[PDB]
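Numbering (our numbering), first residue to last: 1003 to 1104. Think of the CB as a built atom: it goes at the ideal place given N, C-alpha and C, for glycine as much as any other residue. Have a look at the structure below before the remarks.
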């Protein structure tokens, strides 16, 4: 349900800033807008995996609204891939957001 995804990205978003997340700009960088989201959201690359990526809230939301596949892996975008803040935690060794909630 696209509308449930839109609601998700609206409330499940958060202040994506290196001051908040304590990670470098590149680490928290939106792949879509190649910049600091400032306000973005933790969404999986792929649902049945631990690989979570941080996107821009407005950029990812409009992408879903265009009815496009996933920016990274071209899988079906759903609310099921959209996960919490606690979930996706920047591990420098992996270079990616790892899961804490599954």
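Assign residue i to one of two classes, buried (16 or more other C-beta atoms within 10 Å of its C-beta) or exposed (fewer than that).
i: residue 1020; result: exposed
i: residue 1056; result: buried
i: residue 1063; result: buried
From residue i to residue j, what distance separates their C-alpha atoms?
i: residue 1104; j: residue 1051; result: 10 Å
i: residue 1043; j: residue 1016; result: 6 Å
i: residue 1077; j: residue 1048; result: 7 Å
i: residue 1080; j: residue 1004; result: 7 Å
i: residue 1102; j: residue 1071; result: 26 Å
i: residue 1033; j: residue 1026; result: 14 Å
i: residue 1029; j: residue 1013; result: 22 Å
i: residue 1068; j: residue 1087; result: 25 Å
i: residue 1009; j: residue 1074; result: 22 Å
i: residue 1011; j: residue 1094; result: 25 Å
i: residue 1089; j: residue 1096; result: 15 Å
i: residue 1035; j: residue 1007; result: 19 Å
I believe residue i touches residue j by the beta-carbon criterion, under 8 Å. Please report the beta-carbon distance rounded to the nearest angstrom.
i: residue 1024; j: residue 1031; result: Between residue 1031 and residue 1024 the Cβ distance is about 15 Å, and since that is not below 8 Å, they are no contact.
i: residue 1085; j: residue 1046; result: 6 Å
For residue i versus residue j, is the C-beta distance shorter than 8 Å?
i: residue 1041; j: residue 1061; result: no
i: residue 1100; j: residue 1091; result: yes
i: residue 1053; j: residue 1098; result: yes
Practice task
May I have a chain-ordered list of the alpha helix (DSSP H) segments no shorter than 4 residues that lie completely inside the segment 1005-1046?
Solution key: 1020-1023
Taking only runs of the alpha helix (DSSP H) that begin and end inside the segment 1043-1098, which ones reach a length of at least 4 residues, in chain order?
1059-1067
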